[PDB]
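# Topology and contacts: notes
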Amino acid sequence: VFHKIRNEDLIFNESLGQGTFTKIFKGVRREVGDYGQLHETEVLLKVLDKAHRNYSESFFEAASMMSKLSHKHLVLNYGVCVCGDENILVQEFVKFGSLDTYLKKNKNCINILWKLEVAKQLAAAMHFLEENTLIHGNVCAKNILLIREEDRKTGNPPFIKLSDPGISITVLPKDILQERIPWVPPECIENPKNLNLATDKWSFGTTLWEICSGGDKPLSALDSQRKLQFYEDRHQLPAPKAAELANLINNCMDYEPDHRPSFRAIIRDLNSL
Ligand SMILES: NC(=O)c1cnc(N[C@@H]2CCCC[C@@H]2N)nc1Nc1cccc(-n2nccn2)c1
């Protein structure tokens, strides 16, 4: 499915951090573009750890999911580099990075309208996936990328894209899934094979909580055992201090998966504010 990119056409530059069994770099791809123009394009290079090569299928299936459909709110995958012993996903480089970092850095100048616009865009991307019956499986603020900053001077809203989910929770070790509470929904802690469209509605709620909490991580003070007991006791997240979306967050984070609202209903709710 994926376009194969030669290792020789890729330059690896600085490490940007780590994902689950991955290391992430900024790089450059040399390519021929439209009209035969030569380009040296900034790219995100996502590299599967050699020690976890056994996850390669799920590693690439994540990307393949995103590239099944084309949409203005979904990250572009340029291709893969599987030369030699490396498993590399090549993705569009998104200048302003992921939303959790951006929210933490830019608290003082992010207001409720900015959060509402971003929430609406994420809901639009999820409605598109839901209409296509395509599960994402790892909606969270780290996987939302800021393409364009809000410019109140020209009325331009911010613009985000949803990035790929990474290796699926259906294959990850149990301890990692538990560390990912409360993004991973309770039914998936009970049985990771319970991954379903309803999964994304729960994680969407958790992500809205991040958006409203300046990039804080919900339940970060709880170790894994306490996160588990949080689900066992059927707790909900505290309302963010900016609590405008708190009812929507809790409605999405419904312990009954069948009761979680459709993304059309979610969008209708967002539009009402
Ligand atoms: N498609 C992308 O461009 C992209 C995708 N994912 C991520 N995730 C980042 C890196 C890996 C760990 C998690 C962290 N949120 N960052 C991206 N771009 C980016 C752009 C500017 C700066 C940085 N940056 N500088 C220091 C750290 N991150 C990253």
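Rules used in this analysis
- Residues numbered from 1 in each chain as written, not as in the entry; some residues may be left out.
- Heavy atoms only, no water.
- Residues with missing side-chain atoms left out of burial classes, pairs and counts.
- Near = heavy atom within 4 Å.
- Polar contact = N/O pair within 3.5 Å; in protein donor to acceptor, adjacent residues only side chain to side chain.
- Helix = DSSP H or I, 4+ residues; strand = E, 2+ residues; numbered from the N terminus.
- Domains from an automatic or database assignment.
- Contact = heavy atoms within 4.5 Å.
- Nonpolar A, V, L, I, M, F, W, Y, C, P; charged D, E, K, R; others polar.
- Axes fitted to C-alpha atoms, helices over the stretch in contact; angles between N-to-C directions.
- Parallel < 35°, antiparallel > 145°, perpendicular 65-115°, else oblique.
- Left-handed = near helix turned anticlockwise from the far one by under 90°.
- Core = buried A, V, L, I, M, F, W, Y, C linked by side-chain atoms within 4.5 Å.
- Buried < 20%, exposed > 50% of the residue type's maximum accessible area, 1.4 Å probe, protein only.
- Pairing = 2+ DSSP bridges.
- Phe/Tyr/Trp six-rings, centres within 6.5 Å; stacked < 30°, edge-to-face > 60°.
- 1 Å grid on protein atoms, 1.4 Å probe; cavity = no way out; pocket = protein on both sides within 12 Å on 5 of 7 lines; lining within 4 Å.
- Points joined across faces, edges and corners; volume = space filled by probe spheres on them.

Its PDB header attributes the entry to X-ray crystallography and lists the resolution as 1.75 Å.

### A short note on the site of the ligand
Near the ligand, the surroundings consist of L16, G17, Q18, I24, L44, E92, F93, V94, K95, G97, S98 and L145. For the ligand, a nitrogen atom lies 2.9 Å from a polar atom in the backbone of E92. Taking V94, its main chain carries an N or O atom lying 2.8 Å from an oxygen atom of the ligand. At three residues, the largest contribution of residues to the shell around the ligand is made by strand β1 (residues 10-19).

### Some words on the domain arrangement of the protein chain
Along its sequence, the protein chain is organised into domain 1 (1-93) and domain 2 (94-273). Using only C-alpha atoms to locate each centre, domain 1 and domain 2 end up separated by 24 Å. Taken residue by residue, the interface counts 24 residues in domain 1 and 28 residues in domain 2. Looking at the side of domain 1 that touches domain 2 element by element, the count peaks at seven residues for helix α1 (residues 56-68). The residue makeup of the side of domain 1 that touches domain 2, split by class, is 14 nonpolar, six polar and four charged.

### Examining the packing of helix α3 (residues 112-131) against helix α9 (residues 263-271)
α9 packs onto α3 with a crossing angle of 160° between their chain directions and a minimal axis gap of 9 Å. As judged from the angle between their axes, α3 and α9 are roughly antiparallel. Along this stretch, α3 crosses α9, giving a crossing that reads as left-handed. For the pair α3 and α9, the contacting residues are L116, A119, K120, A123, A124, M126, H127, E130 and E131 in the first and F263, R264, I266, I267, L270 and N271 in the second. For the contact of α3 with α9, the residue count by class is nine nonpolar, two polar and four charged.

### Some words on the nonpolar core
In this structure, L99, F204 and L245 are the most contacted members of the largest nonpolar core, which totals 45 residues. It is α3 that provides the largest number of residues to this core, a total of eight residues. Per-domain counts for this core show at least three residues from each of domain 1 (1-93) and domain 2 (94-273). Discounting residues that sit within four places of it in the chain, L99 has contacts with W114, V118, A141, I144, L146, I160 and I211. Core analysis: the second largest hydrophobic core is formed by 16 residues, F21, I167, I169 and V184 among them.

### Focus on the sheet that holds strand β5 (residues 88-92)
Spatially, five strands are ordered β1-β2-β3-β5-β4 in an open sheet, and the strand pairing comes out antiparallel. Each having just a single partner strand, β1 and β4 (77-81) make up the two edges of the open sheet. Averaged over all adjacent pairs, the angle separating strand axes in this sheet is 30°, with direction ignored.

### A few points about the packing of aromatic side chains
Under the definition given, this model contains nine aromatic pairs. The interplanar angle of 65° and the centroid separation of 5.0 Å between the aromatic rings of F59 and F60 together place this pair among those described as edge-to-face. The class for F60 is buried, based on a relative accessible area of 15%. Centre to centre, the rings of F204 and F263 are 5.0 Å apart; their planes meet at 90°, and the pair counts as edge-to-face. Highlighted residues: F204 in helix α6 (residues 197-212) and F263 in helix α9, separated in sequence by 59 residues. Judged on exposure class, the residue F204 and its partner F263 are both buried.

### Examining the environment of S98
With respect to the secondary-structure elements, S98 resides in the loop between β5 and α2 (99-105). For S98, a relative accessible area of 18% translates into the label buried. Each C-alpha atom of the pair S98 and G137 lies 17 Å from the other, and the pair is 39 residues apart in sequence. With sequence-adjacent residues up to four places away left out, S98 is seen in contact with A141, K142, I144 and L145. Among the polar contacts listed, one links the side chain of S98 to the side chain of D100, at a separation of 2.8 Å.

### As for empty space enclosed by the protein
The volume enclosed by the largest cavity comes to roughly 30 Å³. Along the walls of the largest cavity sit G137, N138, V139, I169, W183, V184, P185 and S203, which together make up its complete lining. Here the lining of the largest cavity is built from residues that sort into five nonpolar, three polar and no charged.

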